[PDB]
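For reference, the structure is listed below as structure tokens.
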Amino acid sequence: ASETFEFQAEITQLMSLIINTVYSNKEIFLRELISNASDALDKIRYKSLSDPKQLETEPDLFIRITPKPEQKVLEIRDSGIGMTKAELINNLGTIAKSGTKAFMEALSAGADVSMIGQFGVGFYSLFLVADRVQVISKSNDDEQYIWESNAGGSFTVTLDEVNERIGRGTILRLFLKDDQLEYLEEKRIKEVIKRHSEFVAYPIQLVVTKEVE
Ligand SMILES: CO[C@H]1[C@@H](OC)C[C@H](C)[C@@H](OC)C2=CC(=O)C=C(NC(=O)/C(C)=C/C=C\[C@H](C)[C@@H](OC(N)=O)/C(C)=C/[C@@H]1C)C2=O
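Mapped onto PDB author numbering, the consecutive letters of the sequence shown carry residue numbers 2 to 214.
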């Protein structure tokens, strides 16, 4: 069964601002998701310094981006620390975030949307280009779970019996809007990566599908 949770009020406001923003430079969403992926990789690697066994569920540390054109989906995967069920629930919606209201105020005063990561709330930049999102996550401390939001006032958390096992880490599965399908293109993804994520400690893999000729 799927469990349903209410978003904290300000987080619902933020999603609503972001999903209904005409604004330019939407490409910044990729920088933010790569940064989070990199943060999740830092954590597992730092944890592993004193607990090497933690790496064993997925010994390769990578960031991997997979266009799925038929579904109009873009997936960004990392083999970082992952999140437990309680973490998905608490950290992705139910609990007020320090920077939510401050960012919205900054935006309202003229701040660049790309400042979002500096307010600690950059995950929500995915709504720039997606109308729906699944966060699929496996922490060493829990089962694999699916968190899901359509920017509306509630999200669901479901035990994952439908997706590939990840050994450890997270997949952000972005259901792209019809006007943002450009982010399925290899050439476009490489440009955005090379522009705004030059200094990343982990390999960034692009999964490309090609008809044999
Ligand atoms: C143990 O740290 C967790 C996370 O706690 C559950 C840490 C915090 C949410 C916070 O630490 C200060 C943030 C750490 C970050 O690096 C980025 C953030 N910005 C966000 O917009 C949010 C809400 C990200 C949340 C989950 C995200 C999909 C994550 O992205 C992944 N896992 O790829 C994420 C950064 C999860 C990390 C690994 C944080 O809050």
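We put the CB at the ideal spot given by N, CA and C, even for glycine.
The Cβ atoms of residue 171 and residue 65 lie no closer than 8 Å to each other.
A distance below 6 Å between beta-carbons, with the five flanking residues on each side excluded, links residue 28 to the following residues of its chain, in chain order: 193.
Just measuring C-alpha positions, the residue of 91, 101, 124 and 96 sitting nearest residue 39 is 124.
In this structure, the beta-carbon distance from residue 136 to residue 86 does not fall below 8 Å. Two segments are said to touch when three or more pairs of C-beta atoms, one from each, lie closer than 8 Å; by this definition the region 52-65 does not touch the region 103-115.
Between residue 207 and residue 190, the C-beta gap is smaller than 8 Å, which places the two residues in contact. Ranking 160, 209 and 183 by CA distance to the CA of residue 145 puts 160 first. Going by DSSP, residue 139 is part of the beta strand (DSSP E) stretching over 131-139. Boundaries cannot be given for residue 50, as no alpha helix (DSSP H) includes it and DSSP labels it neither H nor E. Annotation for residue 166: no beta strand (DSSP E) segment contains it, and DSSP assigns it neither H nor E. For ligand 1, a non-hydrogen atom lies closer than 7 Å to the CB of residue 92. If you check the CB distance, residue 107 and residue 178 do not come in under 8 Å. Judged by DSSP in its simplified three-state form, residue 79 adopts strand. In the three-state reduction of the DSSP assignment, residue 62 falls in the coil class.
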